[PDB]
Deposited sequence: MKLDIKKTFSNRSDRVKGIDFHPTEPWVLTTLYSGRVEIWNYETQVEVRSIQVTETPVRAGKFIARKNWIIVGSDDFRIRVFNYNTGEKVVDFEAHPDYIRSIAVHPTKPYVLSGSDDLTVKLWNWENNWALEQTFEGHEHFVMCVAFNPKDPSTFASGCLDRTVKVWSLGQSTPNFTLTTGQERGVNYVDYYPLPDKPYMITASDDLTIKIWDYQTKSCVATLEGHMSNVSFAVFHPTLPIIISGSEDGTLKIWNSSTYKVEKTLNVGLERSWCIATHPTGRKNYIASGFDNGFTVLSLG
């Protein structure tokens, strides 16, 4: 029932991270300028705005059950803010290099950060934000981390070393390493959220999106059409579609059964960097963000 309606678009400095609040009509953007913005996209008024640092903030997530946002920046630091009171509840150096990605466990007090220091780190906010584990094995920047929603005792890391690695919490080596054949690296990895397919999806600078059966490790499909680096590709949680975005300036919506492109959108904000799904979706670009309703 595709009726792509424009909910709220605003101009800003380059949006590197983006996330939806699960119960309030809010979107968080994290900017290359070091600023982060929480917008109510129904009233189109900012609920909170922070100049966090002067370095890019590439990663940001709500932690709704604690009334927090958590962000990571190129100054090597993870910071957490209560979005109700605005005050900074934690501020620590997480890696000795850029932070690319942050994932929040859906029930347990765990945060994963992936970094240019070649590692993923696990932080426990009920143990004083202690470093509980470092996952070592990747050979280049870890660009993306994501829990398996159907078994969040495992998670995947996407890396510029051209691999995805799937790990078990508390275990020192990958359960398996996925050789993608995406020779310019993996920028993003996402899980299909429903129980009927054991699918992961990867995006690459080599212009491809690939679908993976994580039980057999086989490539199910390869999605081609983007004309520059693919920043992300995700399964929509409720619609039978895949959504991707690229430095060619476009969003693409693909059929998740046939793997053929259904729609290409140039929202006029130059290169696309990040994605969030709530049929709301939101993407951050060089020149701002857009919140879209698909139906």
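- When the deposited sequence is numbered from 1, the segments without any C-alpha atom are 1, 280-284.
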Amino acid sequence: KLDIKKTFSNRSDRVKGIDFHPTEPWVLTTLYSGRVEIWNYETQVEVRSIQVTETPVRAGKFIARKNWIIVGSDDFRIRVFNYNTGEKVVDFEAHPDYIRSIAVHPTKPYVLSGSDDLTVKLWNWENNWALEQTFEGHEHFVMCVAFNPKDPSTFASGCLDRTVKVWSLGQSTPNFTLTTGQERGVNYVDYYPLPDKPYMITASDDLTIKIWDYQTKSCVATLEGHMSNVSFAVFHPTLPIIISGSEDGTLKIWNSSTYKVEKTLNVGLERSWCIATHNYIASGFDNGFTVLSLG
From here on, numbers count along this sequence of modelled residues.
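- Look at the mean CA B-factor for 284-292 and for 1-9 in the entry; the higher one is 1-9.
- Stretches 260-268 and 226-234 differ in mean C-alpha B factor, with the higher average recorded for 260-268.
- Annotation for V52, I63, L239, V27: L239 ranks highest, by Cα B-factor.
- If you compare the C-alpha temperature factors of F81, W167, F92, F147 in the entry, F92 comes out highest.
- Per the deposited record, the Cα B-factor of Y32 falls in the lowest third when ranked against the other modelled residues of its chain.
- Annotation for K197: CA B-factor lies in the highest third of the chain's modelled residues.
- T173: CA B factor lies in the middle third for its chain, per the PDB record.
- Remark: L251 belongs to the middle third of its chain, ranked by C-alpha B-factor as recorded.
- When the modelled residues of the chain are ordered by C-alpha B-factor, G72 sits in the lowest third.
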